[PDB]
Amino acid sequence: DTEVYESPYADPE
Amino acid sequence: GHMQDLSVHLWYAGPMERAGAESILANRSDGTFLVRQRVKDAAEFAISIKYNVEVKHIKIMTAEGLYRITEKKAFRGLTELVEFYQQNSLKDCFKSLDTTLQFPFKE
């Protein structure tokens with residue numbers, strides 16, 4: 001996971 | 001083809017990987033950013049910015065054909081989407097960010 005764009009920011013929570 | 005061509009930019013890496021994307025950005029100064037083309041589903045291209053001696057990578061979405069890094073703020077395509085976040089403080093689109101698409105990677 002950590003190797004790819006672990007969806008940092010977008011629609012979290 | 002003389003339209004939304006991305007290979008004509010310096011922040012477009014397209015067929016690039018995360019570690020690869022940051023390879024240049026990490027080596028480059030802070031504010032350095034780039035965009036790659038690849039994913040799995042919930043996205044199309046991926047944006048990578050060098051901010052804080054680190055490169056932040058995000059999977060762009062293709063909402064109704066619009067490109068968005070945070071999916072909250074999109075644009076016509078990549079250029080429009082990347083050539084805007086350079087002004088739009090990432091801290092508003094991203095999260096613990098406090099910058100913008102400062103510089104490309106091909107520069």
# chains A, B, ... in the order shown; residues from 1 in each chain; ligands from 1
$ closest_atom_pairs --of "chain B" --to "chain A" --cutoff "9 Å" --atoms "only C-alpha atoms" --output "CSV"
residue,atom,partner,partner_atom,distance
B:17,CA,A:4,CA,8.4
B:18,CA,A:4,CA,6.2
B:19,CA,A:3,CA,7.3
B:39,CA,A:4,CA,8.7
B:46,CA,A:5,CA,7.8
B:56,CA,A:8,CA,8.3
B:57,CA,A:5,CA,5.5
B:58,CA,A:5,CA,5.1
B:59,CA,A:5,CA,5.9
B:69,CA,A:10,CA,7.4
B:70,CA,A:10,CA,4.1
B:71,CA,A:10,CA,5.6
B:72,CA,A:10,CA,6.7
B:93,CA,A:9,CA,7.7
B:94,CA,A:9,CA,5.1
B:95,CA,A:9,CA,6.0
$ select_by_dssp --residues "chain B" --states "helix (DSSP H, G or I)" --output "list in words"
residues 18, 19, 20, 21, 22, 23, 24, 25, 26, 27, 78, 79, 80, 81, 82, 83, 84, 85, 90, 91, 92 and 93 of chain B
$ write_last_selection --atoms "N, CA, C and O atoms" --output "tab-separated table (two decimals), in the first residue's frame"
chain	number	residue	atom	x	y	z
B	18	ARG	N	5.50	5.69	-8.27
B	18	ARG	CA	5.57	6.51	-7.06
B	18	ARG	C	7.01	6.81	-6.67
B	18	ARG	O	7.42	7.97	-6.60
B	19	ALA	N	7.79	5.76	-6.43
B	19	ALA	CA	9.19	5.92	-6.05
B	19	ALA	C	9.95	6.65	-7.15
B	19	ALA	O	10.85	7.45	-6.88
B	20	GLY	N	9.56	6.38	-8.39
B	20	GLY	CA	10.19	7.03	-9.53
B	20	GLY	C	9.79	8.49	-9.57
B	20	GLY	O	10.64	9.37	-9.72
B	21	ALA	N	8.50	8.74	-9.42
B	21	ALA	CA	7.98	10.10	-9.42
B	21	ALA	C	8.71	10.97	-8.40
B	21	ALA	O	9.14	12.08	-8.71
B	22	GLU	N	8.84	10.47	-7.18
B	22	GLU	CA	9.51	11.24	-6.13
B	22	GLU	C	11.02	11.22	-6.29
B	22	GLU	O	11.72	12.03	-5.70
B	23	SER	N	11.52	10.30	-7.11
B	23	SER	CA	12.96	10.21	-7.33
B	23	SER	C	13.50	11.55	-7.81
B	23	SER	O	14.53	12.03	-7.34
B	24	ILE	N	12.78	12.15	-8.74
B	24	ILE	CA	13.17	13.44	-9.28
B	24	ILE	C	12.79	14.55	-8.31
B	24	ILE	O	13.60	15.41	-7.96
B	25	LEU	N	11.53	14.52	-7.88
B	25	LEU	CA	11.01	15.52	-6.95
B	25	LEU	C	11.80	15.52	-5.64
B	25	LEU	O	12.16	16.59	-5.12
B	26	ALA	N	12.08	14.34	-5.10
B	26	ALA	CA	12.83	14.26	-3.86
B	26	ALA	C	14.22	14.86	-4.07
B	26	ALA	O	14.72	15.60	-3.22
B	27	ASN	N	14.80	14.57	-5.23
B	27	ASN	CA	16.11	15.11	-5.57
B	27	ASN	C	16.01	16.60	-5.88
B	27	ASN	O	16.95	17.36	-5.66
B	78	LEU	N	-5.69	17.48	-17.02
B	78	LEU	CA	-4.53	17.47	-16.14
B	78	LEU	C	-3.92	18.86	-16.05
B	78	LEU	O	-3.79	19.43	-14.96
B	79	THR	N	-3.55	19.40	-17.20
B	79	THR	CA	-2.95	20.73	-17.25
B	79	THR	C	-3.79	21.70	-16.42
B	79	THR	O	-3.30	22.35	-15.50
B	80	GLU	N	-5.08	21.79	-16.75
B	80	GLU	CA	-5.99	22.67	-16.03
B	80	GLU	C	-6.06	22.32	-14.55
B	80	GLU	O	-6.23	23.19	-13.70
B	81	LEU	N	-5.94	21.03	-14.25
B	81	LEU	CA	-6.02	20.57	-12.87
B	81	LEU	C	-4.69	20.79	-12.14
B	81	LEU	O	-4.67	21.11	-10.95
B	82	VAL	N	-3.58	20.65	-12.86
B	82	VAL	CA	-2.26	20.84	-12.25
B	82	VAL	C	-1.82	22.30	-12.33
B	82	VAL	O	-1.07	22.77	-11.47
B	83	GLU	N	-2.28	23.00	-13.36
B	83	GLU	CA	-1.90	24.40	-13.52
B	83	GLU	C	-2.79	25.32	-12.70
B	83	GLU	O	-2.74	26.54	-12.84
B	84	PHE	N	-3.59	24.73	-11.82
B	84	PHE	CA	-4.47	25.51	-10.96
B	84	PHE	C	-4.09	25.28	-9.50
B	84	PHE	O	-4.00	26.23	-8.71
B	85	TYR	N	-3.84	24.03	-9.14
B	85	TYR	CA	-3.44	23.71	-7.78
B	85	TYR	C	-2.15	24.46	-7.45
B	85	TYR	O	-1.79	24.63	-6.29
B	90	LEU	N	-2.70	23.88	-1.54
B	90	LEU	CA	-3.00	22.47	-1.31
B	90	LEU	C	-3.63	22.26	0.07
B	90	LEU	O	-4.43	21.35	0.25
B	91	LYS	N	-3.24	23.09	1.02
B	91	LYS	CA	-3.77	22.99	2.38
B	91	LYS	C	-5.30	22.99	2.38
B	91	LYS	O	-5.93	22.57	3.35
B	92	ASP	N	-5.88	23.48	1.29
B	92	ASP	CA	-7.34	23.55	1.17
B	92	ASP	C	-7.88	22.33	0.43
B	92	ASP	O	-9.01	21.89	0.68
B	93	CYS	N	-7.08	21.81	-0.50
B	93	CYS	CA	-7.49	20.65	-1.29
B	93	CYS	C	-6.95	19.36	-0.69
B	93	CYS	O	-7.64	18.34	-0.65
$ closest_residue --among "B:63, B:44, B:11, B:55" --to "residue 105 in chain B" --atoms "only C-alpha atoms"
B:11
$ atom_distance --atom1 "CA of residue 103 in chain B" --atom2 "CA of residue 73 in chain B"
19.9 Å
$ atom_distance --atom1 "CA of residue 96 in chain B" --atom2 "CA of residue 30 in chain B"
15.5 Å
$ atom_distance --atom1 "CA of residue 37 in chain B" --atom2 "CA of residue 15 in chain B"
5.3 Å
